[PDB]
Amino acid sequence: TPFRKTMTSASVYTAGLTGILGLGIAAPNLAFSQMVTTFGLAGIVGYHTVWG
Amino acid sequence: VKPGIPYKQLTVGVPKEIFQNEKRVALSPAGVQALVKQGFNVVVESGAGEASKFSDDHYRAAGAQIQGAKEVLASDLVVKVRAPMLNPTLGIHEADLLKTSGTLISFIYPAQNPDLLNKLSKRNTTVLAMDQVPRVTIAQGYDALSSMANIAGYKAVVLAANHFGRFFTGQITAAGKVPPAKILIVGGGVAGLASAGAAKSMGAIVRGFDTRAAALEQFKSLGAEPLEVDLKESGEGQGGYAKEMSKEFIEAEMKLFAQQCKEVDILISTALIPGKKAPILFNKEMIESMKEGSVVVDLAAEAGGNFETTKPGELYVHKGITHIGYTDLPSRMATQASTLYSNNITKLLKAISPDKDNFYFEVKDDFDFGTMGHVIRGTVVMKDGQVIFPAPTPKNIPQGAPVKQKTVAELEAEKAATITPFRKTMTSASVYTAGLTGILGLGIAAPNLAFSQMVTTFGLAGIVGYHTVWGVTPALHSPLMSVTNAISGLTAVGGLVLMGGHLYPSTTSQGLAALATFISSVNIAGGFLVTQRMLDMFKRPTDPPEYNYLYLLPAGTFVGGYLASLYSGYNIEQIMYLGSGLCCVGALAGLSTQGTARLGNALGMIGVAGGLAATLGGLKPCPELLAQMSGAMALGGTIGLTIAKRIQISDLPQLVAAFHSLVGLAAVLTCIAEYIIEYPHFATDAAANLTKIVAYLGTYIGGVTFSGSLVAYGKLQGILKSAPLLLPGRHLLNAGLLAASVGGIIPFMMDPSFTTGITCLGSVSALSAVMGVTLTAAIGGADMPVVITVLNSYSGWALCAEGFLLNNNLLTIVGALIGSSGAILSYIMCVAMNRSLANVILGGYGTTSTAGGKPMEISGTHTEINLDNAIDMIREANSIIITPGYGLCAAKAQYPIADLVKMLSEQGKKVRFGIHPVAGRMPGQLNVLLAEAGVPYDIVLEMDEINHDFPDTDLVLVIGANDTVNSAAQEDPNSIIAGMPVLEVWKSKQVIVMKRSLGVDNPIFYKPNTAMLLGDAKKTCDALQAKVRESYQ
Amino acid sequence: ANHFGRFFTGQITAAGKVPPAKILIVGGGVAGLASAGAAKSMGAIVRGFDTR
């Protein structure tokens, strides 16, 4: 049914956003936050460039 | 008075043909509407049309007055198919039954009718020889022998059947496979091309060859097998016709024909030299050298024949060979023959005296190659009985020397051949050494760790933003810049950071960084409201309802989890900036398949809410100024929400320009605010000697993009002139302003006084605004959709500069995304129109493919029809493709098209839309204007997927589009638009154009298949839907 | 052909548009499909129909 498509998609996004906050809670310093940011952005570049 | 008697005093005469074995007619009933439309009277014979199966009742109803026999010849304009001969039913020569000093127009050929010429000179009449029309470029409307040859070739290819023994198509049947038959064509002209096209339609194999190499090449381009004999004799003579060859090439072709005579099953001989006897191209035993059941067609029957045995008046089975020697192929298909004769006579009578009613038919002797006076001299040989029979020579003619006309797409392959691979890889590696020394230069001036970290997060955000903006579907570019103007309201984040005081502003730093928040808060609410309005029009009513309220489940848990998480005693700001940056990327990655469009708006709202909440919690405000932040944000959002639900969609680029101008003002109001607030810290710091260079750069970019988008708004609303303003030299001025801008950085260095910085910041904001007004004014009116995207880019790069300024990590990601999106949207249309960006900003002329001067001119004649036949023309078409322009939507006429399209689609038709990407004044601005009226998304196709079924398309309508359906972009290397990839709308069967007048010029107007409806566009389109609605129930 | 006085296919050249013909295939068995293939190869507009 068209309810469960959006429900599953919204469940995936709320799991991802609470995982981002969970990585935020255990952060000891700003160096780890910097490495998480450059890690995520390099991951999206890597996802996007090897379909090419 | 005009030099000639008008057509109302001009009666015409079409008498009965008295010759034997001639079924042709002079003019049909459809031919009687024309030339009565010219004004000439119509007098008809008794029963001539019934021989060609035409009713004399319909002939008299067409506007004619049927008369006798001698009374049909004694008019002011006598016309027949054959020449004036002696009638056996009533004994008289036909010149005596005609009026003295009358008009005669028929196939005469006085080279073979010299005694008939002496008879026609006796009555002192005027002769108009139809067959004597020379091969001119304007002679496509009058060529009697060409149409007669096409009719004879169609009749002969039909007469292949009911003479052969087996089928010529061929199939793979269940009882066994059937092989096709090979057909021979001897004599390559229009007749050979027509027989080859009809045989290939019938599914035959052709192996015809000709003496003229252009004839064999055109036959091979039609798909025939142009054979080649081993004889070095030139087939062409002085022009396109054949010439006299020796017996050596004749014997070589005779041996090849005897070899191929036992190869093919069908043989058609159409070879003949005009004025002399046709050469016998078939021998006595080589003709019997085929199988028992052969078919030998001799289409040179009146001029002898191309066989050693051919009786020219009867058919015969010659020892197992069909001797198709019928003397009158033109008497076999006389209906379409008379139709073509009437059409050619209509073009001839239109050309002979093109006035309203003058009947001039002037006599010119010194006449040019291609001149209609030369055609008049060649056509009229007996002028009032007097002999102008000796035809004059043509004027100075190269006679079609550049027959390989310079088509456009090949000169770029010639230009990309001096791009020899050494200099190609040299200019490849030069780019990478420039880039690597650039990043080394940024490494040299790096003050600390945080600047290098900011460079890395900016660079990887740039590569994400480059790869994801090509990912959007090209039918949703109009939500794209609305959602990037929505996300660019995150310079409120950099406004809130240095906001403070109490419920009132106290200082002037805090005074500037409160209306920074106020003017930026319009952007968030306005952009997301207008994006949500635009994505509720692409949704079909048949689409199952996506429950969009369920996306509050991530958003509330995200923001409230940050709220509980800083209530618990943490600091989750530097990861919340990552979360908002990834939700802002997912906003633009959402709208990429037309079905996940609402995901890519909700994620943007989640990201902007997360970014605002993070920068709010990361300052820990007292409740006295938290009231100020809430009041400023709410007073921004109320105006931003109340001017986004009021606008009508077709006025979108105005608020797009306004929302760039507000971001451009917000960046300059937040750069000098931190330069004021960071002044007593420049002594004991290291990065402080480049927060100055970042502030200067950001103020420059913001001051440009403020005023440039103001000028673009004033030019879109009609208030400023739609003409470019170019009084001064304009390049010393812009170079002087740019040199002052780049030179202003050293007085802003070199002395640390509090006044000398701020006066230089004011100076660079002032001269940058004047630079923006100077550049953006002298742009144009059709080059408008460039500056929207370029101003979008400068807004994004201003956000990124301010992000370097505050060392905030969300702003570089968001700004690099918006700036890369603006750059990609400028590049897509600067390849759509084939110009450059410096060829538009600097007011340049032409394009990237225009050569030198002399734009070659149009010729050919146009055709207009009224409303009642056009709609019945619609009613017998299966597939329709409509190609709108901006003039459709600017006249509010997209609504009555939206009913026409559905009522045609509900009867089995194939109505679709072609869209050129520079139609509206914004990227994809007319997809939304079609989707408002009620067209679905799935039948609106872009250019690159509809430009290959215009061959397989019956009717092509054109509404208002004048610049994107030209063929000067394909066939002229001198015009302005050469190289611009346009729709190939001339590849079809019939074209309609809805335009208010007649004639900056496009040669799709001058084609055999093009109409022109006249009138107001709305007043035409509602008449179209009215006729459909009252003609289909 | 040799019964119809008009061209079967018809072209729009620069001398006048030749309208294509309309052929009625009354009754389609096997010969209906065969003659329809022969006409569609010839270039006519066929509008045959049958009870089956």
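Reading the values: the criteria
- Residues numbered from 1 in each chain as written, not as in the entry; some residues may be left out.
- Chains lettered and ligands numbered in written order.
- Part of a larger assembly, values for the part shown.
- Heavy atoms only, no water.
- Residues with missing side-chain atoms left out of burial classes, pairs and counts.
- Helix = DSSP H or I, 4+ residues; strand = E, 2+ residues; numbered from the N terminus.
- Rg over C-alpha atoms; globule rule 2.2 N^0.38 Å.
- Contact = heavy atoms within 4.5 Å.
- Nonpolar A, V, L, I, M, F, W, Y, C, P; charged D, E, K, R; others polar.
- Axes fitted to C-alpha atoms, helices over the stretch in contact; angles between N-to-C directions.
- Parallel < 35°, antiparallel > 145°, perpendicular 65-115°, else oblique.
- Left-handed = near helix turned anticlockwise from the far one by under 90°.
- Pairing = 2+ DSSP bridges.
- Salt bridge = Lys/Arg side-chain N within 4 Å of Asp/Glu carboxyl O.
- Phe/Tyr/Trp six-rings, centres within 6.5 Å; stacked < 30°, edge-to-face > 60°.
- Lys NZ or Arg CZ within 6 Å of the ring centre and 35° of its normal.
- Polar contact = N/O pair within 3.5 Å; in protein donor to acceptor, adjacent residues only side chain to side chain.

Method information in the entry identifies cryo-EM as the source of the structure, with 3.7 Å recorded as the resolution.

Draft legend 1. Just the overall build of chain C, in detail. For chain C, the count of helices and strands is one helix and four strands. Put simply, chain C runs from its N terminus to its C terminus through helices and strands in the order β-β-β-α-β. Viewed in the frame of its principal axes, chain C has a C-alpha envelope of about 45 × 20 × 15 Å.

Draft legend 2. Representation of the overall build of chain B. Counting its secondary structure elements, chain B contains 36 helices and 21 strands. Its C-alpha radius of gyration of 39 Å places chain B more than 25% over the 31 Å reference for a compact globule of 1033 residues.

Draft legend 3. Examining the interface of chain A and chain B more closely. The interface of chain A with chain B comprises 23 residues on the first partner and 36 residues on the second. At twelve residues, helix α1 (residues 2-25) of chain A tops the list of elements feeding residues into the side of chain A that touches chain B. For the side of chain A that touches chain B, the per-class residue count stands at 14 nonpolar, nine polar and no charged.

Draft legend 4. Here's a closer look at the packing of α1 of chain A against helix α18 (residues 552-567) of chain B. Taken N-terminus to C-terminus, the directions of α1 of chain A and α18 of chain B make an angle of 15°; their axes are 8 Å apart at the nearest point. As far as their axial angle goes, α18 of chain B and α1 of chain A are roughly parallel. Seen along the crossing, α1 of chain A lies across α18 of chain B with a hand that is right-handed. Where α1 of chain A abuts α18 of chain B, its residues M7, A10, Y13, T14, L17, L21 and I25 of chain A lie against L553, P554, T557, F558, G561, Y562 and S565 of chain B.

Draft legend 5. Local environment of the arrangement of the chains. When the two pairs of chains in contact are ranked by number of contacts, first place goes to chains A and B. At the level of C-alpha atoms, the two units chain A and chain C stay apart, their nearest approach being 40 Å.

Draft legend 6. Looking closely at the sheet that holds strand β13 (residues 316-317) of chain B. All names here are of chain B. Pairing in this open sheet of six strands is mixed, and the strands run β10-β9-β11-β12-β14-β13 from one edge to the other. Taken across any chain shown, the strands that pair with only one partner, and hence form the sheet edges, are β10 (205-206) and β13. Direction of pairing for strand β11 (residues 266-269) relative to strand β12 (residues 294-298): parallel, over a ladder of four bridges. Paired with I268 across the two strands is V297, which belongs to β12.

Draft legend 7. Inspection of the pattern of salt bridges at higher detail. Residues and elements named next belong to chain B. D938 serves as the salt-bridge partner of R540, at 3.6 Å between the closest nitrogen and oxygen. Of this pair, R540 sits in the loop between α17 (509-534) and α18 while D938 sits in the loop between α33 (925-933) and β19 (940-941), placing them 398 residues apart in sequence. One salt-bridge network, held together by shared partners, links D899, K902 and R1029.

Draft legend 8. Main features of the sheet that holds strand β20 (residues 955-959) of chain B. Residue and element names in this part refer to chain B. Here five strands make up an open sheet; going across it, the order is β19-β18-β17-β20-β21 and the pairing parallel. Single-partner strands in this sheet number two, and they are β19 and β21 (990-994). Examined bridge by bridge, strand β17 (residues 880-884) and β20 share five bridges and lie parallel to one another. Paired with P884 across the strands is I959, a residue of β20.

Draft legend 9. Highlighting the packing of aromatic side chains. Residue and element names in this part refer to chain B. Taken together, a centroid distance of 6.1 Å and an interplanar angle of 65° make the contact between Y679 and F682 edge-to-face. Cluster of aromatic residues (ring-pair linked, three or more members): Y675, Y679, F682, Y696, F748 and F754. Sitting over the face of the ring of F682, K692 holds its NZ or CZ atom 5.2 Å from the ring centroid.

Draft legend 10. The arrangement of unusual backbone geometry in detail. Residues and elements named next belong to chain B. With a phi close to 60°, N21 is a non-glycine residue in the positive phi region. Structurally, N21 is set in the loop between β1 (11-13) and α1 (29-33). Notably, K892 is not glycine yet its phi reads approximately 60°, a positive angle. Within the fold, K892 resides in the loop between α31 (886-889) and α32 (894-905).

Draft legend 11. Up close: the interface of chain B and chain C. Taken together, the contact between chain B and chain C spans ten residues of the former and ten residues of the latter. Looking at the side of chain B that touches chain C, the elements with two or more residues in it are α7 (190-202) and α10 (334-352) of chain B. Looking at the side of chain B that touches chain C, the element that brings in the most residues is α10 of chain B, giving three residues.

Draft legend 12. Highlighting the pairing of β20 of chain B. Relative to β21 of chain B, β20 of chain B is paired through five bridges, and the arrangement is parallel. The residue of β21 of chain B that forms the bridge with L957 of chain B is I992 of chain B.

Draft legend 13. Just the packing of helix α15 (residues 477-487) of chain B against helix α27 (residues 784-806) of chain B, in detail. All names here are of chain B. Packing of α15 against α27 brings their axes to within 11 Å, and their N-to-C directions diverge by 30°. Relative to α27, the element α15 is oriented roughly parallel. Considering how the two elements wind past one another, α15 and α27 form a crossing that is left-handed. Contacts between α15 and α27 involve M481, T484 and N485 from the first element and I788, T789 and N792 from the second.

Draft legend 14. Region of interest: the side chain of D972 of chain B. Residues and elements named next belong to chain B. Relative to the assigned elements, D972 resides in the loop between α35 (968-971) and β21. There is a polar contact of 2.9 Å between the side chain of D972 and the backbone nitrogen of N974. Excluding residues within four positions of it along the chain, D972 makes contact with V408, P855, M856 and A978.

Draft legend 15. Broad picture of the environment of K910 of chain B. Residues and elements named next belong to chain B. Tracing the chain through its elements places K910 in the loop between α32 and β18 (912-914). As for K910 and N878, which are separated by 32 residues in sequence, their C-alpha atoms are 6.5 Å apart. In this structure, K910 is in contact with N878, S879 and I880, ignoring residues within four places of it in sequence.

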